[PDB]
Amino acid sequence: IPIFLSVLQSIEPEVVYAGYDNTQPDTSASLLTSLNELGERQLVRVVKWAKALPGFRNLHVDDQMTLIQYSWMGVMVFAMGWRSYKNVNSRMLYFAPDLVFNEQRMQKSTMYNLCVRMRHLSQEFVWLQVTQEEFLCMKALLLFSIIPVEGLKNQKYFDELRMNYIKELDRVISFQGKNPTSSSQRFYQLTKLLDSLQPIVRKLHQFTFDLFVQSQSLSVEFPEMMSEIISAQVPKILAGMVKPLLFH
(Lines of atoms letter the chains of each structure in order from A and count residues from 1; the text may use other names and numbers.)
(Lines give C-alpha, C1' and ligand atoms only; values in the text may rest on other atoms or scores of the structure.)
Protein backbone atom coordinates (compact mmCIF):
# COMPACT_ATOMS: atom_id res chain seq x y z
CA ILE A 1 0.00 0.00 0.00
CA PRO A 2 2.92 2.51 0.22
CA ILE A 3 3.31 3.90 -3.29
CA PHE A 4 6.42 6.12 -2.95
CA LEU A 5 8.80 3.99 -0.87
CA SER A 6 10.83 2.58 -3.77
CA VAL A 7 10.88 5.91 -5.60
CA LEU A 8 12.26 7.61 -2.52
CA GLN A 9 14.80 4.82 -2.15
CA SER A 10 15.98 5.28 -5.74
CA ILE A 11 16.22 9.08 -5.79
CA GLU A 12 18.00 9.37 -2.42
CA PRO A 13 21.28 11.22 -3.08
CA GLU A 14 24.67 9.66 -2.45
CA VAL A 15 26.85 10.90 0.39
CA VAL A 16 28.76 14.15 -0.16
CA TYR A 17 32.35 14.67 0.98
CA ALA A 18 33.62 17.89 2.52
CA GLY A 19 37.19 17.74 1.26
CA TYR A 20 38.36 19.09 4.63
CA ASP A 21 42.06 18.74 5.35
CA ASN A 22 41.92 16.82 8.64
CA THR A 23 45.64 17.39 9.31
CA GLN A 24 45.52 21.18 9.52
CA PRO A 25 44.75 22.54 13.00
CA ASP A 26 41.07 23.38 13.36
CA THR A 27 40.01 27.02 13.37
CA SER A 28 36.60 28.65 13.48
CA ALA A 29 37.14 29.86 9.91
CA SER A 30 38.33 26.54 8.52
CA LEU A 31 35.41 24.65 10.07
CA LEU A 32 32.67 27.05 9.03
CA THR A 33 34.15 27.44 5.53
CA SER A 34 34.31 23.66 5.11
CA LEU A 35 30.70 23.43 6.24
CA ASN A 36 29.72 26.08 3.67
CA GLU A 37 31.44 24.11 0.88
CA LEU A 38 29.76 20.86 1.91
CA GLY A 39 26.47 22.80 2.10
CA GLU A 40 26.89 24.02 -1.50
CA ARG A 41 27.41 20.55 -2.91
CA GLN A 42 24.66 19.02 -0.80
CA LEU A 43 22.33 21.77 -2.06
CA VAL A 44 23.10 20.77 -5.64
CA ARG A 45 22.05 17.23 -4.82
CA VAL A 46 18.99 18.37 -2.87
CA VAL A 47 17.82 20.26 -5.94
CA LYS A 48 18.20 17.16 -8.14
CA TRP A 49 16.34 15.13 -5.48
CA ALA A 50 13.49 17.65 -5.10
CA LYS A 51 13.15 17.72 -8.91
CA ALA A 52 12.74 13.95 -8.93
CA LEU A 53 10.11 13.90 -6.10
CA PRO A 54 6.80 12.99 -7.75
CA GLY A 55 4.60 16.03 -8.23
CA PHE A 56 7.24 18.61 -7.28
CA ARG A 57 8.07 19.59 -10.89
CA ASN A 58 4.34 20.25 -11.44
CA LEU A 59 4.33 23.16 -8.99
CA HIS A 60 4.98 26.52 -10.62
CA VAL A 61 8.75 27.00 -11.00
CA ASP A 62 8.56 30.01 -8.65
CA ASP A 63 7.02 27.77 -5.99
CA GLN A 64 9.75 25.16 -6.51
CA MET A 65 12.33 27.88 -5.92
CA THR A 66 10.48 29.19 -2.84
CA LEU A 67 10.22 25.72 -1.33
CA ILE A 68 13.92 24.91 -1.78
CA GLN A 69 15.01 28.35 -0.53
CA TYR A 70 12.90 27.88 2.63
CA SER A 71 13.56 24.20 3.45
CA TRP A 72 17.17 23.42 2.44
CA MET A 73 18.36 24.01 6.03
CA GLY A 74 15.72 21.72 7.54
CA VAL A 75 16.30 18.99 4.95
CA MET A 76 20.07 19.06 5.48
CA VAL A 77 19.93 19.13 9.29
CA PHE A 78 17.52 16.16 9.24
CA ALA A 79 19.71 14.19 6.81
CA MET A 80 22.78 14.95 8.92
CA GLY A 81 21.06 13.76 12.08
CA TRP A 82 20.17 10.52 10.30
CA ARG A 83 23.80 10.10 9.20
CA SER A 84 25.01 10.70 12.76
CA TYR A 85 22.59 8.05 13.96
CA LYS A 86 23.49 5.39 11.41
CA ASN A 87 27.27 5.95 11.59
CA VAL A 88 28.25 7.01 15.13
CA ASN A 89 25.04 6.25 17.06
CA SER A 90 24.46 10.00 17.51
CA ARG A 91 27.56 10.45 19.68
CA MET A 92 29.13 12.94 17.20
CA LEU A 93 27.83 15.12 14.39
CA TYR A 94 28.53 13.35 11.07
CA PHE A 95 28.45 16.25 8.59
CA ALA A 96 30.42 14.21 6.04
CA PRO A 97 32.57 11.09 6.22
CA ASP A 98 35.62 13.39 6.31
CA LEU A 99 34.04 16.06 8.56
CA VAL A 100 32.85 14.61 11.86
CA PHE A 101 32.40 17.04 14.74
CA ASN A 102 33.54 15.80 18.13
CA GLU A 103 33.18 17.96 21.25
CA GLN A 104 36.38 19.90 20.48
CA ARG A 105 35.28 20.85 16.97
CA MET A 106 31.88 21.85 18.32
CA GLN A 107 33.71 24.30 20.57
CA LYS A 108 36.08 25.66 17.91
CA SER A 109 33.22 26.01 15.40
CA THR A 110 31.82 28.96 17.45
CA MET A 111 28.34 27.38 17.21
CA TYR A 112 28.61 24.97 20.16
CA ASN A 113 25.09 25.33 21.58
CA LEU A 114 23.53 24.77 18.12
CA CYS A 115 25.69 21.66 17.65
CA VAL A 116 24.50 20.31 20.99
CA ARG A 117 20.86 20.94 19.99
CA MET A 118 21.44 19.11 16.70
CA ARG A 119 23.10 16.17 18.46
CA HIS A 120 20.08 15.96 20.79
CA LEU A 121 17.92 15.80 17.68
CA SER A 122 19.96 12.84 16.39
CA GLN A 123 19.51 11.18 19.76
CA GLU A 124 15.78 11.32 19.05
CA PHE A 125 16.47 9.04 16.07
CA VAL A 126 18.26 6.69 18.45
CA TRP A 127 15.37 6.58 20.93
CA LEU A 128 12.59 6.27 18.33
CA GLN A 129 14.58 3.68 16.32
CA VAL A 130 13.69 5.42 13.09
CA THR A 131 13.77 3.10 10.08
CA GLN A 132 15.20 4.07 6.71
CA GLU A 133 11.71 4.11 5.16
CA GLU A 134 10.32 6.41 7.84
CA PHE A 135 13.41 8.63 7.41
CA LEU A 136 12.87 8.92 3.64
CA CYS A 137 9.19 9.79 4.04
CA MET A 138 9.81 12.43 6.70
CA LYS A 139 12.67 14.03 4.77
CA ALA A 140 10.44 14.27 1.67
CA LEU A 141 7.83 15.93 3.91
CA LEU A 142 10.35 18.59 5.05
CA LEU A 143 10.06 20.19 1.60
CA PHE A 144 6.45 21.09 2.56
CA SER A 145 7.05 22.52 6.08
CA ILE A 146 7.46 26.26 5.36
CA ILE A 147 5.67 28.66 3.05
CA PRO A 148 5.37 32.44 2.57
CA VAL A 149 2.92 34.02 4.95
CA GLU A 150 0.90 35.04 1.87
CA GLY A 151 1.14 31.56 0.35
CA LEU A 152 2.35 30.09 -2.92
CA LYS A 153 1.35 30.61 -6.53
CA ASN A 154 -0.62 27.34 -6.63
CA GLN A 155 -1.52 26.85 -2.97
CA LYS A 156 -4.32 24.35 -3.71
CA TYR A 157 -1.96 21.93 -5.42
CA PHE A 158 0.79 22.24 -2.83
CA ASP A 159 -1.79 21.47 -0.13
CA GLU A 160 -2.97 18.33 -1.93
CA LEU A 161 0.59 17.12 -2.67
CA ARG A 162 1.59 17.68 0.97
CA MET A 163 -1.49 15.79 2.18
CA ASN A 164 -0.49 13.00 -0.22
CA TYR A 165 2.98 12.69 1.31
CA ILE A 166 1.58 12.84 4.85
CA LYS A 167 -0.70 9.98 3.88
CA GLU A 168 2.33 8.16 2.51
CA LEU A 169 4.12 8.45 5.86
CA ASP A 170 1.07 6.90 7.52
CA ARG A 171 0.94 4.12 4.90
CA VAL A 172 4.62 3.30 5.56
CA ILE A 173 4.03 3.08 9.31
CA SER A 174 0.99 0.81 8.92
CA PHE A 175 2.85 -1.32 6.36
CA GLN A 176 5.54 -1.82 9.03
CA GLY A 177 3.66 -1.58 12.36
CA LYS A 178 1.76 -4.09 14.48
CA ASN A 179 -1.75 -2.79 15.46
CA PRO A 180 -3.91 0.20 14.40
CA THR A 181 -3.26 1.69 17.90
CA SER A 182 0.53 1.30 17.79
CA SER A 183 0.73 2.79 14.28
CA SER A 184 -1.39 5.77 15.31
CA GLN A 185 1.03 6.41 18.20
CA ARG A 186 4.01 6.07 15.85
CA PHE A 187 2.56 8.62 13.43
CA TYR A 188 2.08 10.95 16.42
CA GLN A 189 5.69 10.54 17.57
CA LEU A 190 7.21 11.03 14.13
CA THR A 191 5.14 14.11 13.23
CA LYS A 192 6.17 15.56 16.60
CA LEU A 193 9.79 14.86 15.73
CA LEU A 194 9.33 16.69 12.42
CA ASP A 195 7.66 19.64 14.15
CA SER A 196 10.57 19.89 16.64
CA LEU A 197 12.95 20.80 13.80
CA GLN A 198 11.43 24.24 13.34
CA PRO A 199 12.92 26.04 16.39
CA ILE A 200 16.32 24.54 15.62
CA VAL A 201 16.22 25.67 11.98
CA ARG A 202 15.12 29.13 13.16
CA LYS A 203 18.20 29.38 15.40
CA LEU A 204 20.41 28.06 12.59
CA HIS A 205 18.99 30.70 10.22
CA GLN A 206 19.84 33.38 12.77
CA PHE A 207 23.42 32.08 13.07
CA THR A 208 23.74 31.76 9.27
CA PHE A 209 22.67 35.40 8.86
CA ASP A 210 25.13 36.51 11.58
CA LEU A 211 27.95 34.73 9.74
CA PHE A 212 26.91 35.93 6.27
CA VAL A 213 26.94 39.53 7.52
CA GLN A 214 30.34 39.05 9.16
CA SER A 215 31.91 36.87 6.44
CA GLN A 216 34.68 39.34 5.66
CA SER A 217 35.87 39.95 9.24
CA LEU A 218 35.53 36.24 10.11
CA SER A 219 37.21 34.89 6.93
CA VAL A 220 34.32 32.52 6.24
CA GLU A 221 33.66 32.23 2.50
CA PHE A 222 30.13 31.42 1.37
CA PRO A 223 30.02 29.74 -2.06
CA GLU A 224 27.95 31.35 -4.80
CA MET A 225 24.67 29.49 -4.63
CA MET A 226 24.53 29.43 -0.85
CA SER A 227 25.16 33.18 -0.88
CA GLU A 228 22.31 33.79 -3.31
CA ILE A 229 19.84 31.58 -1.42
CA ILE A 230 20.76 33.04 1.97
CA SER A 231 20.59 36.67 0.87
CA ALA A 232 17.41 35.94 -1.11
CA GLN A 233 15.27 34.46 1.65
CA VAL A 234 17.00 34.33 5.09
CA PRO A 235 16.17 38.02 5.80
CA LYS A 236 12.51 37.28 5.02
CA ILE A 237 12.54 34.28 7.36
CA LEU A 238 14.14 36.34 10.13
CA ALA A 239 11.64 39.17 9.48
CA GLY A 240 8.66 36.83 10.01
CA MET A 241 7.49 36.74 6.40
CA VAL A 242 7.22 32.91 6.44
CA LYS A 243 4.86 30.48 8.23
CA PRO A 244 5.83 27.00 9.42
CA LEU A 245 3.43 24.25 8.40
CA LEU A 246 3.06 21.95 11.38
CA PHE A 247 2.37 18.22 10.96
CA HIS A 248 1.09 17.65 14.46
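From 1 onward, residues are counted along the sequence shown.
Taking the PDB entry as given, 149-157 carries the higher mean Cα B factor of the two stretches 149-157 and 128-136. Of the two stretches examined, 100-108 and 118-126, the record assigns the greater average C-alpha temperature factor to 100-108. For the set 182, 215, 34, 69, the PDB entry assigns the largest Cα B-factor to 182.
For the set 42, 208, 189, 30, the PDB entry assigns the largest Cα B-factor to 189.
When the CA B factors of the chain's modelled residues are split into thirds, the value for residue 229 lands in the highest one. Ranked within its chain, residue 241 lands in the highest third, by CA B factor from the PDB record. Split the chain's modelled residues into thirds by C-alpha temperature factor. Residue 51 is in the middle one. For residue 61, the recorded CA temperature factor ranks within the highest third of the chain's modelled residues. Compared with the other modelled residues of the chain, the Cα B-factor recorded for residue 25 ranks in the highest third.
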